[PDB]
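Text of work.pdb (PDB, C-alpha atoms) as supplied:
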```
ATOM      1  CA  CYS A   1     126.673 100.766   4.553
ATOM      2  CA  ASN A   2     126.510  97.587   6.645
ATOM      3  CA  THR A   3     127.835  95.155   4.047
ATOM      4  CA  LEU A   4     130.935  93.205   3.057
ATOM      5  CA  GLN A   5     130.175  92.234  -0.557
ATOM      6  CA  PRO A   6     132.200  94.332  -3.032
ATOM      7  CA  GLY A   7     130.015  96.540  -5.196
ATOM      8  CA  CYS A   8     127.133  96.575  -2.696
ATOM      9  CA  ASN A   9     127.829 100.263  -1.953
ATOM     10  CA  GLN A  10     127.832 101.865  -5.414
ATOM     11  CA  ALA A  11     124.642 100.094  -6.512
ATOM     12  CA  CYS A  12     122.837 101.091  -3.311
ATOM     13  CA  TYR A  13     124.022 104.699  -3.655
ATOM     14  CA  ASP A  14     122.769 104.792  -7.250
ATOM     15  CA  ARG A  15     119.420 103.316  -6.191
ATOM     16  CA  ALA A  16     119.001 105.785  -3.319
ATOM     17  CA  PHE A  17     120.121 108.861  -5.305
ATOM     18  CA  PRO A  18     119.764 108.285  -9.063
ATOM     19  CA  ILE A  19     119.908 112.008  -9.900
ATOM     20  CA  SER A  20     121.238 114.457  -7.333
ATOM     21  CA  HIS A  21     119.184 117.528  -6.465
ATOM     22  CA  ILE A  22     121.901 119.964  -7.573
ATOM     23  CA  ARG A  23     121.831 118.677 -11.162
ATOM     24  CA  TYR A  24     118.051 119.093 -11.331
ATOM     25  CA  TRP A  25     118.245 122.614  -9.887
ATOM     26  CA  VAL A  26     120.984 123.647 -12.331
ATOM     27  CA  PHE A  27     119.033 122.172 -15.249
ATOM     28  CA  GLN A  28     115.868 124.010 -14.199
ATOM     29  CA  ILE A  29     117.694 127.329 -13.785
ATOM     30  CA  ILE A  30     119.392 127.025 -17.177
ATOM     31  CA  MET A  31     116.141 126.012 -18.898
ATOM     32  CA  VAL A  32     114.175 128.893 -17.347
ATOM     33  CA  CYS A  33     116.554 131.532 -18.750
ATOM     34  CA  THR A  34     116.322 130.345 -22.377
ATOM     35  CA  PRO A  35     113.247 132.462 -23.348
ATOM     36  CA  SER A  36     115.026 135.550 -22.005
ATOM     37  CA  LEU A  37     118.119 134.725 -24.074
ATOM     38  CA  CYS A  38     116.067 134.182 -27.230
ATOM     39  CA  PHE A  39     114.180 137.441 -26.623
ATOM     40  CA  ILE A  40     117.497 139.279 -26.235
ATOM     41  CA  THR A  41     118.802 137.746 -29.469
ATOM     42  CA  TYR A  42     115.591 138.681 -31.302
ATOM     43  CA  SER A  43     115.845 142.256 -30.009
ATOM     44  CA  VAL A  44     119.478 142.425 -31.155
ATOM     45  CA  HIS A  45     118.464 141.175 -34.606
ATOM     46  CA  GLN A  46     115.648 143.736 -34.792
ATOM     47  CA  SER A  47     118.042 146.532 -33.812
ATOM     48  CA  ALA A  48     120.540 145.358 -36.438
ATOM     49  CA  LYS A  49     117.817 145.310 -39.103
ATOM     50  CA  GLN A  50     116.870 148.931 -38.374
TER      51      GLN A  50
ATOM     52  CA  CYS B   1     129.913  85.326   7.444
ATOM     53  CA  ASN B   2     128.780  88.205   5.221
ATOM     54  CA  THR B   3     128.445  90.860   7.917
ATOM     55  CA  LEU B   4     130.178  93.907   9.370
ATOM     56  CA  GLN B   5     128.431  94.318  12.740
ATOM     57  CA  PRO B   6     130.676  93.194  15.626
ATOM     58  CA  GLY B   7     129.299  90.174  17.450
ATOM     59  CA  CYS B   8     127.213  89.007  14.476
ATOM     60  CA  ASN B   9     129.543  86.006  14.025
ATOM     61  CA  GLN B  10     129.606  84.419  17.493
ATOM     62  CA  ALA B  11     125.825  84.606  17.923
ATOM     63  CA  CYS B  12     125.234  83.063  14.492
ATOM     64  CA  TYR B  13     127.765  80.300  15.192
ATOM     65  CA  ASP B  14     126.050  79.531  18.505
ATOM     66  CA  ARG B  15     122.642  79.472  16.801
ATOM     67  CA  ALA B  16     123.848  77.185  14.002
ATOM     68  CA  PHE B  17     125.801  74.802  16.277
ATOM     69  CA  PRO B  18     124.564  75.016  19.884
ATOM     70  CA  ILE B  19     126.135  71.680  20.882
ATOM     71  CA  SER B  20     128.823  70.145  18.697
ATOM     72  CA  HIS B  21     128.476  66.528  17.599
ATOM     73  CA  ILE B  22     131.724  65.448  19.279
ATOM     74  CA  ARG B  23     130.461  66.435  22.739
ATOM     75  CA  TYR B  24     127.262  64.431  22.241
ATOM     76  CA  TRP B  25     129.203  61.395  21.002
ATOM     77  CA  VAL B  26     131.630  61.537  23.941
ATOM     78  CA  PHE B  27     128.743  61.913  26.395
ATOM     79  CA  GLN B  28     126.918  58.941  24.868
ATOM     80  CA  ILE B  29     130.032  56.744  24.926
ATOM     81  CA  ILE B  30     130.795  57.606  28.554
ATOM     82  CA  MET B  31     127.173  57.056  29.616
ATOM     83  CA  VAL B  32     126.945  53.677  27.858
ATOM     84  CA  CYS B  33     129.929  52.255  29.774
ATOM     85  CA  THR B  34     128.560  53.079  33.248
ATOM     86  CA  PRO B  35     126.568  49.810  33.734
ATOM     87  CA  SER B  36     129.707  47.841  32.863
ATOM     88  CA  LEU B  37     131.721  49.823  35.418
ATOM     89  CA  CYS B  38     129.104  49.306  38.129
ATOM     90  CA  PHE B  39     128.936  45.580  37.325
ATOM     91  CA  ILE B  40     132.729  45.357  37.617
ATOM     92  CA  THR B  41     132.647  47.168  40.968
ATOM     93  CA  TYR B  42     129.872  44.874  42.227
ATOM     94  CA  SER B  43     131.861  41.808  41.150
ATOM     95  CA  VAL B  44     134.943  43.163  42.938
ATOM     96  CA  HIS B  45     132.888  43.719  46.096
ATOM     97  CA  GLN B  46     131.456  40.194  45.877
ATOM     98  CA  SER B  47     134.950  38.733  45.460
ATOM     99  CA  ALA B  48     136.185  40.755  48.443
ATOM    100  CA  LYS B  49     133.271  39.522  50.568
ATOM    101  CA  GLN B  50     134.117  35.879  49.829
TER     102      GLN B  50
END
```

For the file at hand, write its structure as structure tokens.
Amino acid sequence: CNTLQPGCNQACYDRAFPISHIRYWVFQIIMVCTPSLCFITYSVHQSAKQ
Amino acid sequence: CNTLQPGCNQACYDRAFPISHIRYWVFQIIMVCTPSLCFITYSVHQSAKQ
């Protein structure tokens, strides 16, 4: 970045990219799989009961 | 100056101080003394004539 003041780079980088795209994608992928995991656990519990 | 672009310093210095005060003062002092010099030369010529 065209600047000489110390700390003018980190603040600008945070402003431009508060949350990176990879974190959002990972969060979405992990959140989407939770109903499948809970269904698998419920099926395991049902099998254990019988 | 708070900048990183090369050449951003000389142009700004020229814009802020196109002509320095010392040059103007010297020019004024030299210009003021010219009538005295021409009067002295005219007096010398008059003395030489007589």

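Taking atom CA of residue A:47 as the reference point, atom CA of residue A:33 is found at 21.3 Å.
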
Could you list, as a PDB file with C-alpha atoms, keeping the file's coordinate frame, every residue matched by the PyMOL selection byres ((chain A) within 10 of (chain B)) in this structure?
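Below is the file result_34.pdb, written as the result:
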```pdb
ATOM      1  CA  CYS A   1     126.673 100.766   4.553  1.00  0.00           C
ATOM      2  CA  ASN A   2     126.510  97.587   6.645  1.00  0.00           C
ATOM      3  CA  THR A   3     127.835  95.155   4.047  1.00  0.00           C
ATOM      4  CA  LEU A   4     130.935  93.205   3.057  1.00  0.00           C
ATOM      5  CA  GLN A   5     130.175  92.234  -0.557  1.00  0.00           C
TER       6      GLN A   5
END
```

Requested in this report: Take atom CA of residue B:43 and atom CA of residue B:25 and report the distance between them in Å, one decimal.
Outcome: 28.2 Å

Query raised in the report: Any idea what the distance is between atom CA of residue B:18 and atom CA of residue B:34?
Result: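 A separation of 26.0 Å between them.
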
Calculate, to one decimal in Å, the centre and edge lengths of the box along x, y and z of the file that holds all listed atoms of stretch 35-40 of chain B with 4 Å of margin on each side, and present them as JSON.
```
{"center_x": 129.6, "center_y": 47.6, "center_z": 35.5, "size_x": 14.2, "size_y": 12.5, "size_z": 13.3}
```
